[PDB]
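Report on one structure; see the data block that follows.
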Amino acid sequence: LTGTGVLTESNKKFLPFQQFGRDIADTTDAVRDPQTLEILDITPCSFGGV
Amino acid sequence: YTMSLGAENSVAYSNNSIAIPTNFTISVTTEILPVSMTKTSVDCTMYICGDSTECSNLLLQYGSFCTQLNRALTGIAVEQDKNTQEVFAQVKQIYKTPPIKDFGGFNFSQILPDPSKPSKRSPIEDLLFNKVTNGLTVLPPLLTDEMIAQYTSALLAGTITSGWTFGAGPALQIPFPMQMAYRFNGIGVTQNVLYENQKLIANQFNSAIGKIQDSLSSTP
Amino acid sequence: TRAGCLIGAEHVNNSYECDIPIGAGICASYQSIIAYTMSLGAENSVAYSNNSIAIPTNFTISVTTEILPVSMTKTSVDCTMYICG
Amino acid sequence: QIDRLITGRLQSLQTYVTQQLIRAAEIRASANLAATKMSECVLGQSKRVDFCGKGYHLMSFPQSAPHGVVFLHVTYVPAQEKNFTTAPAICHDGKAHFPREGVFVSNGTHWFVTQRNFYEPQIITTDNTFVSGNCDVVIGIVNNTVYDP
Amino acid sequence: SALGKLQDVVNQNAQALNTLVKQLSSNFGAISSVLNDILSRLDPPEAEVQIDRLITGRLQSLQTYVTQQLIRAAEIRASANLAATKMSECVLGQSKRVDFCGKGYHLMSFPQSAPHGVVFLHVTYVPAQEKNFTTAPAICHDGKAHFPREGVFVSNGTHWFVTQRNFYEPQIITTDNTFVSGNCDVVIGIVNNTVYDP
Ligand SMILES: *[C@@H]1O[C@H](CO)[C@@H](O[C@@H]2O[C@H](CO)[C@@H](O)[C@H](O)[C@H]2NC(C)=O)[C@H](O)[C@H]1NC(C)=O
Ligand SMILES: *[C@@H]1O[C@H](CO)[C@@H](O[C@@H]2O[C@H](CO)[C@@H](O)[C@H](O)[C@H]2NC(C)=O)[C@H](O)[C@H]1NC(C)=O
Ligand SMILES: *[C@@H]1O[C@H](CO)[C@@H](O[C@@H]2O[C@H](CO)[C@@H](O)[C@H](O)[C@H]2NC(C)=O)[C@H](O)[C@H]1NC(C)=O
Ligand SMILES: *[C@@H]1O[C@H](CO)[C@@H](O[C@@H]2O[C@H](CO)[C@@H](O)[C@H](O)[C@H]2NC(C)=O)[C@H](O)[C@H]1NC(C)=O
Ligand SMILES: *[C@@H]1O[C@H](CO)[C@@H](O[C@@H]2O[C@H](CO)[C@@H](O)[C@H](O)[C@H]2NC(C)=O)[C@H](O)[C@H]1NC(C)=O
Ligand SMILES: *[C@@H]1O[C@H](CO)[C@@H](O[C@@H]2O[C@H](CO)[C@@H](O)[C@H](O)[C@H]2NC(C)=O)[C@H](O)[C@H]1NC(C)=O
Ligand SMILES: *[C@@H]1O[C@H](CO)[C@@H](O[C@@H]2O[C@H](CO)[C@@H](O)[C@H](O)[C@H]2NC(C)=O)[C@H](O)[C@H]1NC(C)=O
Ligand SMILES: *[C@@H]1O[C@H](CO)[C@@H](O[C@@H]2O[C@H](CO)[C@@H](O)[C@H](O)[C@H]2NC(C)=O)[C@H](O)[C@H]1NC(C)=O
Ligand SMILES: *[C@@H]1O[C@H](CO)[C@@H](O[C@@H]2O[C@H](CO)[C@@H](O)[C@H](O)[C@H]2NC(C)=O)[C@H](O)[C@H]1NC(C)=O
Ligand SMILES: *[C@@H]1O[C@H](CO)[C@@H](O)[C@H](O)[C@H]1NC(C)=O
Ligand SMILES: *[C@@H]1O[C@H](CO)[C@@H](O)[C@H](O)[C@H]1NC(C)=O
Ligand SMILES: *[C@@H]1O[C@H](CO)[C@@H](O)[C@H](O)[C@H]1NC(C)=O
């Protein structure tokens, strides 16, 4: 799974089977990292109109 | 069922009989009109492609579609602010009500701004605001809600303290019963009818305003 | 600002008329470029009392302009010639 | 594959912009109507029927609403109507008398002149009537005295 | 920037036409944006695919242009209907509608032709040089309440007069410009003043 974003701590109580999370657009919003099993929230990098 | 069009009323027409009203009701009715929408802007390149350089390179083969869509959305966004200016910003003077609310029995507390509220809105406006609930951005409106409320407050102060004079030029003060008598003459009723029944008219107006607030608070 | 971050314009506490709209009550002008909360208008406390009226003693004959568009340029496009030549 | 995604997303975005422009036209028409109501009902008294509420319009109050305006139209509604016997003119001294601003009404025995939108009977005099022609032309003219102050 | 409203319409139409013709220079994923180059360079089995890409791109551009023109035409039609209403109600008559025919009390209007537009010169009456007066709803005389027939009761401090509402023209309170309805016990704020009899 490829993408760009900021990886932050999360408070989403994932169930043991659950690995990642998806928004309405189906883009991944949270992921469970391998090796360490922690749950990292994925927040898109800052953008906006100039 | 087959819907009824109305209650059936037969008018008692004859060639020499007329019906004359002996009383009146001061009726306050609500009319809700939308003014603006949410100002939405969509980054066409980011919506179609995101951060992919190859996708944008392929998107440049289609030309200036993205420029057209951004220009149209920008036109809509400025049109919403123009609509709000046209509706609410029709006075260049911010009129204020006097501290003493002596209007000859007429009560405007439900439509004048409440000093106790930090938003400086009327109780009716506060109830109205309570009852309404990937490259996309929402632009804030140029006029905030407190400034729109301030414009409505200025319009209310002008129409209460000056009648229709502030809309045609300088604001000329007039007592509110006298202004109501002028409005009575506008609809073809003599001034005496307003003056003789001034307490009754003020009571009916206050009751109708309270019924408006109750009807808004009781209807989803 | 609520509209976003503004770089290069100094914020002032004075209120003027809106020259360049920024958003969320914020407008910009040139005097350097300043940013301010837009003034809705001048305050005018009408001297209301229960027995006083204001009567005009004079008048101004004012002529104002109103510009309204009526028509556009009548354009015709040959669909076959545009797409295919 | 990217070309297929681009053409699908571009069609979706063009569709969204098309209905946004149509809704913008509708909202602009509604806002122009709201500005007209603000100018004519709040900043003045309107003679237009049903433009500023149901009934004879007296005045209006604007209230701000989220993305909108609410007009409180204060109007005058006639009530408690009563039958009266009416005539187009009063015949007196061989002359036809017509009301200057009101209407001739009769409660059964006596004739009065009243304003049209409220019952306020007054004695038929020369001050509130005007004379045009004799009594031979007007259809339905009745005989009654006209008081002279 | 006086005639910006007409200039925006002209600029939008010219810009839409310019963008529509600019869309011909785009290949829309084909090898070239020129049909003649594809016909001279390729055999028909691949040429049909290339012209198919160019046809769908140009057709989408033309449909977008026609849709924008229809929406702008609807806006201009609404503006023209408003202008026809102003021509009927401000020029061909005197309008009681507030702010429909200029700021102030509308007197008359004059039409002027403009490129793709109309300019209305609204001649309006604006009150000026207002003065404070002490006012009363009615005049109590001989136990009767007197109300103004068309004007308003004003007082300059010592004397009471009746004047028209939109211009100060004080006149003596007589029985010709007032009417009697009821006694003085009902009207709130009635003041005592003489009423002259001609
Ligand atoms: C004026 O008089 C007419 C007839 O005298 C009244 O009309 C009648 O009203 C009653 C009550 O609803 C009906 O049952 C009759 O059918 C009506 N008759 C006709 C011919 O329509 C009328 O109500 C009176 N107006 C008022 C205000 O009392
Ligand atoms: C006109 O209607 C009003 C109500 O709209 C009448 O006022 C009522 O009068 C009765 C008895 O006089 C009271 O019990 C009510 O409380 C009054 N209501 C209000 C709202 O004040 C009024 O009397 C009527 N007048 C005529 C001449 O019919
Ligand atoms: C004007 O109306 C307001 C509200 O309709 C009146 O305020 C009420 O006052 C009574 C007695 O003082 C209280 O019991 C109510 O709770 C008040 N209502 C609200 C919503 O605060 C007010 O008294 C009226 N008169 C004046 C002169 O303001
Ligand atoms: C009518 O009288 C009132 C008060 O007597 C005048 O209002 C004052 O005007 C001065 C001059 O700007 C202000 O400094 C005061 O603050 C005003 N007082 C109030 C209570 O508003 C008013 O200007 C007079 N009208 C005219 C036309 O002269
Ligand atoms: C009403 O206002 C007009 C101007 O709007 C006044 O006319 C001016 O009067 C002064 C002094 O008499 C002259 O110096 C000006 O040249 C006049 N201007 C014009 C355009 O004629 C007029 O005097 C005012 N009337 C009253 C009664 O105050
Ligand atoms: C029509 O109205 C007139 C005036 O209100 C009535 O005339 C008065 O009636 C009362 C009661 O009978 C008498 O005390 C007065 O003396 C009458 N005035 C005059 C000048 O005669 C009249 O009775 C009413 N008629 C009907 C049928 O109701
Ligand atoms: C109203 O009054 C006129 C005149 O006072 C009446 O006209 C007269 O009617 C009688 C009876 O028919 C005739 O003999 C006279 O020649 C008429 N005179 C004139 C000048 O026309 C009229 O009949 C009365 N109408 C009613 C309904 O009472
Ligand atoms: C209010 O207006 C009246 C009428 O213009 C003034 O009465 C006149 O005042 C002048 C000035 O001294 C006298 O020469 C006249 O004889 C007065 N006329 C009458 C009929 O008395 C009155 O002075 C004005 N009052 C104020 C306070 O300005
Ligand atoms: C206006 O005039 C009336 C009568 O001319 C005054 O009413 C009198 O007031 C006194 C004291 O209040 C009473 O003793 C009389 O009985 C009243 N007479 C009548 C006929 O009502 C009234 O006070 C005057 N008002 C002003 C402001 O001068
Ligand atoms: C390797 O990944 C597994 C989960 O697949 C995990 O349990 C284990 O701790 C990981 N080991 C190391 C050394 O990261
Ligand atoms: C009204 O009709 C009656 C008959 O029903 C008739 O006698 C009378 O003259 C008519 N009046 C008018 C004014 O037409
Ligand atoms: C106007 O208010 C004053 C108090 O400020 C009062 O004395 C007077 O009677 C009132 N007049 C009317 C007509 O309400």
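Relative to the Cα centre, what is the charge dipole magnitude of the protein assembly as shown, using +1 at the beta carbon of each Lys and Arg, -1 at the beta carbon of each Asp and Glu, and rounding to the nearest 20 debye?
Magnitude of the dipole: close to 380 debye.
Take the cross-link list B:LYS120/B:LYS199; D:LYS37/E:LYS86; D:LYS37/E:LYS96; D:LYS82/E:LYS96; D:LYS37/E:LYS103; B:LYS82/E:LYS5 and give me the ones stretching past 24 Å between alpha-carbons.
Beyond 24 Å between Cα atoms: B:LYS120/B:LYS199; D:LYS82/E:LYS96.
Could you work out [θ]222 nm for chain B from helices alone, using -39500 (n - 2.57) per DSSP H run of at least four and dividing by all its residues? Round to the nearest 500 deg cm²/dmol.
-14500 deg cm²/dmol
Amide H to amide H under 5 Å from E:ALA128: which residues, 5+ apart in sequence or cross-chain, H placed 1.01 Å off N in plane?
The answer is C:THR57, C:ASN58, C:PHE59, C:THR60.
Write out the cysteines belonging to chain B for which the nearest other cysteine Cβ is not under 4.7 Å, or none if no such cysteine exists.
Taking the Cβ cut-off of 4.7 Å, chain B has no unpaired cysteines at all.
Please give, to one decimal in nm, the separation of the simple spin-label points placed at E:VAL66 and B:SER207, each 7 Å out from Cα toward the Cβ.
6.2 nm
B:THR25's amide H: which non-local residues (gap 5+, or another chain) put their own amide H closer than 5 Å, with H modeled 1.01 Å from N in plane and none for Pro or chain starts?
For B:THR25, the qualifying residues are D:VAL77, D:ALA79.
Rounded to the nearest 10 degrees, what's the angle between the helix E:44-86 long axis and the longest principal axis of chain E, both from Cα atoms, 0 to 90?
The answer is roughly 10 degrees.
Could you tell me the calculated FRET efficiency between E:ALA114 and D:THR145, based on Cβ-Cβ distance and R0 = 60 angstrom, to the nearest 0.05?
E between E:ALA114 and D:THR145, to the nearest 0.05, is 0.40.
Measure out, as a whole number of angstrom, how far apart the alpha-carbon centroids of region E:58-104 and region B:51-75 sit.
31 Å
Please compute the average number of Cβ atoms from other chains found within 10 Å of each residue's Cβ in peptide D:45-51.
Average per residue, whole number: 3.
May I ask you to sort E:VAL49, B:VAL132 by Cβ crowding, counting other Cβ atoms within 10 Å and putting the fewest first?
Neighbour counts put them in this order, fewest first: B:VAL132, E:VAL49.
In debye to the nearest 20, how big a dipole does chain E give about its Cα centre with +1 on each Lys and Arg Cβ and -1 on each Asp and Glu Cβ?
Its charge dipole is roughly 220 debye.
Among the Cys residues of chain C, which have no other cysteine Cβ under 4.7 angstrom away?
Those would be C:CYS5, C:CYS79, C:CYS84, since no other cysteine Cβ in chain C comes under 4.7 Å of theirs.
Whole-Hz ³J(HN,Hα) for each residue in region D:119-124, computed from phi via Karplus 6.51 cos²θ - 1.76 cosθ + 1.60 with θ = phi - 60°, x for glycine and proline: what do you get?
7, 9, x, 10, 5, 6
So what is the calculated 222 nm ellipticity per residue for chain C, using -39500 (n - 2.57) for each DSSP H run with n of 4 or more, over all residues, to the nearest 500 deg cm²/dmol?
-1500 deg cm²/dmol
Highest mean first, how do C:10-21, E:186-197 rank when packing is the count of other Cβ atoms within 10 Å averaged over residues?
E:186-197, C:10-21
What 222 nm value per residue comes from the helices of chain D, counting each DSSP H run with n ≥ 4 as -39,500 (n - 2.57) and dividing by all residues, nearest 500 deg cm²/dmol?
Per the formula, -9000 deg cm²/dmol.
Taking beta carbons within 10 Å but only from partner chains, what does the mean come to for residues E:110-118?
Partner-chain Cβ atoms within 10 Å, mean over residues of E:110-118: 3.
Quote the relative contact order of region B:1-110 in percent (integer), defining contacts as alpha-carbon pairs under 8 Å separated by 6+ residues.
Dividing the mean separation by the residue count of region B:1-110 yields 29 percent.
Give me the dipole magnitude in Debye, nearest 20, for chain B about the Cα centre, with unit charges on the beta carbon: positive for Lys and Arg, negative for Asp and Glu.
Once rounded to the nearest 20, the dipole reads 600 debye.
Tell me, what is the FRET efficiency for C:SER39 and E:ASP176 to the nearest 0.05, using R0 = 51 angstrom and their Cβ-Cβ distance as r?
Computed FRET efficiency for C:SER39 and E:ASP176: 0.55.
Quick one: Karplus J couplings for region B:106-111, per residue in order, coefficients 6.51, -1.76, 1.60, θ = phi - 60°, nearest Hz, x for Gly and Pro?
7, 10, 10, 5, 6, 10
Roughly how many nanometres apart are two label points built 7 Å out from the Cα toward the Cβ at E:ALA84 and B:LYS101?
Result: 4.8 nm between the two label points.
Residue by residue, what Karplus-based ³J(HN,Hα) values in Hz, rounded to whole numbers, does region B:145-161 have, using 6.51, -1.76 and 1.60 with θ = phi - 60° and x for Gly and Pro?
5, 5, 6, 5, 5, 5, 5, 5, 5, 5, 5, 5, 5, x, 6, 7, 7
Going by how many other beta carbons lie within 10 Å of each one, how would you line up C:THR65, E:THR175, fewest first?
Lowest count first: C:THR65, E:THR175.
Please name which of B:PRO118, B:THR74, B:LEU128 has its Cα lying farthest along the dipole of region B:64-140 towards the positive end, using unit charges on Cβ (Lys, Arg +1; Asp, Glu -1) and the Cα centre as origin.
Among B:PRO118, B:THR74, B:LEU128, the one farthest towards the positive end of the dipole of region B:64-140 is B:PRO118.
As I understand it, the value is the acute angle between the Cα axis of helix D:2-37 and the longest principal axis of the Cα atoms of chain D; what does it come to in degrees, rounded to 10?
For helix D:2-37, the angle is close to 20 degrees.
Rounded to the nearest 0.05, what FRET efficiency do D:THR126 and E:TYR196 give with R0 = 30 Å and r taken as the Cβ-Cβ distance? Could you check?
So, using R0 = 30 Å, E works out to roughly 0.90.
Of C:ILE34, B:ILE148, how do they rank once you tally other Cβ atoms within 10 Å and put the fewest first?
Ranking C:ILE34, B:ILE148 by Cβ neighbours within 10 Å, fewest first, gives C:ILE34, B:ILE148.
Computed from the coordinates by the stated procedures, all read-outs in this text should not be read as laboratory data. Neighbour counts are summed over all protein chains in view; Cβ atoms, including those assigned to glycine, are modelled from backbone coordinates with ideal geometry.
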